[PDB]
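In the form deposited in one PDB entry, a lone chain appears below as structure tokens.
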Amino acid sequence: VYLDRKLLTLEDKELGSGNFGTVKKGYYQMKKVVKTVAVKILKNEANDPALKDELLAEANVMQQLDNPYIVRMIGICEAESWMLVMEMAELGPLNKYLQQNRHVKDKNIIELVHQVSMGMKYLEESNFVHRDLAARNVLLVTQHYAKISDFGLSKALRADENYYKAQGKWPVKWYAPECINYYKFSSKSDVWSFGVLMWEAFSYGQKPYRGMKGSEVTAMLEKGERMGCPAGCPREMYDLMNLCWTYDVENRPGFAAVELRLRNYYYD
């Protein structure tokens, strides 16, 4: 079903944007209380069939997810444009937050990346691949509560395979070698991305592989080289990043193992 446009009120505040259109702050009338929302709105009155199809696929994935560490969809609305209404994570993207808050303690960063690993362990159990995991796609509810967002590239895995074979966005810097070379996306390739996300978080929102072309990143990784340890990053956390960047898909850990490593380190 669809949300009632008359129960949605959009504010002038823009939270984000991209090729699809914009994301605006708003409020939606629930069964009794009013709820603060973020609303993804397609540009050009949803003229583009591709953007429409993509928004519905994004909604389809989110409808099936229910986890505390993943952004919740309230619903979809077909009105002046097509709109995807979500619970708002009011501190915004993790990368931008850390850029602006260098005082955040290492224990706090560990806490947040552990939360991301819990959301991803759930996604893995649910057999969905995210395909766009990155620090810009983790939103903060509070400084101690992270949620995974941006499910526009996510896929439900077939019952008989543990990967999706791509037939758009190509965030090479977050992609595992098998994604680049064989177009195969699995929970293991999400683990590689999570390694990059960890590097970003401990680098207070710095972009990875800075100054390098995609082709140069691919060549670097092919010859067994990896990004260095961020300043002040605990060695155990850098060791985990390197494990996430295991070239061999089979030998690379899954999220159950990654989450457990983070869980144990966080609790000493």
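Residues that one form lacks are left out of the comparison. Whichever C-alpha set is largest while still superposing within 1.5 Å between the two forms counts as the rigid core. Numbers for residues come from their place in the sequence shown, where the first is 1.
What follows is about the form deposited with a partner chain bound, which we do not show.
In the bound PDB entry, at least one heavy atom of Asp150 sits within 4.5 Å of a heavy atom of the partner chain.
Using a 4.5 Å cutoff between non-hydrogen atoms, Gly75 does not count as a contact of the partner chain in the bound PDB entry.
The shortest heavy atom separation between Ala79 and the partner chain in the bound PDB entry exceeds 4.5 Å. In the bound PDB entry, no heavy atom of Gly232 sits within 4.5 Å of the partner chain. Of the candidates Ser154, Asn137, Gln115, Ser187, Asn137 is the one whose heavy atoms come within 4.5 Å of the partner chain in the bound PDB entry; the others do not.
Interface residue among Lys169, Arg158, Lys165, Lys107, judged by heavy atoms within 4.5 Å of the partner chain in the bound PDB entry: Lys169. Of the residues checked (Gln29, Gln63, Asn47, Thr36), the rigid-core alignment between the shown form and the other one shows a Cα shift of at least 2 Å for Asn47 alone. Every Cα shifting by 2 Å or more, across three or more consecutive residues, marks a moved region; comparing between the shown form and the other one on the rigid core, the sole such region is 45-48.
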